[PDB]
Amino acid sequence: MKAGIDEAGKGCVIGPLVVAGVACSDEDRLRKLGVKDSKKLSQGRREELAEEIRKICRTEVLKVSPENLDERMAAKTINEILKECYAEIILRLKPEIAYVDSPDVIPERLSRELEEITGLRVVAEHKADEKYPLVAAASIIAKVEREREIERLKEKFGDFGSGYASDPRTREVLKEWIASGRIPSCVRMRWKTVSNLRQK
């Protein structure tokens, strides 16, 4: 079987990093589910599609908490962390060939390092989620898992917006949490955004 790998939450300041892999024995059946045009789907429809994917394909998920990300980012960058997560998923699935979505503009270097770590055939590409049904499926699984955690967090800490530095609601909420001296555990402390706000 072939497999697709992707992530959700790499650029967020709140919440986990989720990496997922999907391997199917029947791609045309996967296509029938309509993974190709899943970007238009709502959070509710995405969740439903993820359940259908899980029933006909093997899936593997990995989640890295904000706390654990902060720990690992002391010695590595977010992209290197991703690379490590990608390798773990590929090794669990051990596919014939694995298609991955590339964070940087130059894929070749990622393919090399991955094929070396895994010893398997790997093809990292240009925003591969919209080229290979397998990767798009991986994207759906990762996004749904991330979303469930985000919802759980809002239930506990209130509505902090999307969790991205761009969302105005997120910046505001982050500002007051910092000023309170009591910051929730779901905030990535080693993030550039947080440092700059604490230095303010």
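Residues carry their position along the shown sequence, with the first being 1.
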> Would 85-93 or 108-116 have the larger average of its C-alpha temperature factors, as given in the entry?
Replying inline: 108-116
> Should the higher mean CA B-factor in the entry be assigned to 96-104 or to 74-82?
Replying inline: 96-104
> Which of these, 166, 68, 43, 59, has its C-alpha atom at the highest B-factor, as the entry lists it?
Replying inline: 166
> Per the PDB entry, which option out of 151, 37, 48, 145 has the greatest Cα B factor?
Replying inline: 37
> Lowest, middle or highest third of the chain for the C-alpha temperature factor of residue 197?
Replying inline: highest
> Hey, what third does residue 25 fall into on Cα B-factor, ranked over its chain?
Replying inline: highest
>> Please place residue 137 in the lowest, middle or highest third of its chain according to the CA B-factor in the PDB entry.
In response: middle
> Within this chain, which third does the Cα B-factor at residue 5 fall in: lowest, middle or highest?
Replying inline: middle
> According to the PDB entry, is the CA B factor of residue 53 in the bottom, middle or top third of its chain, that is, lowest, middle or highest?
Replying inline: lowest
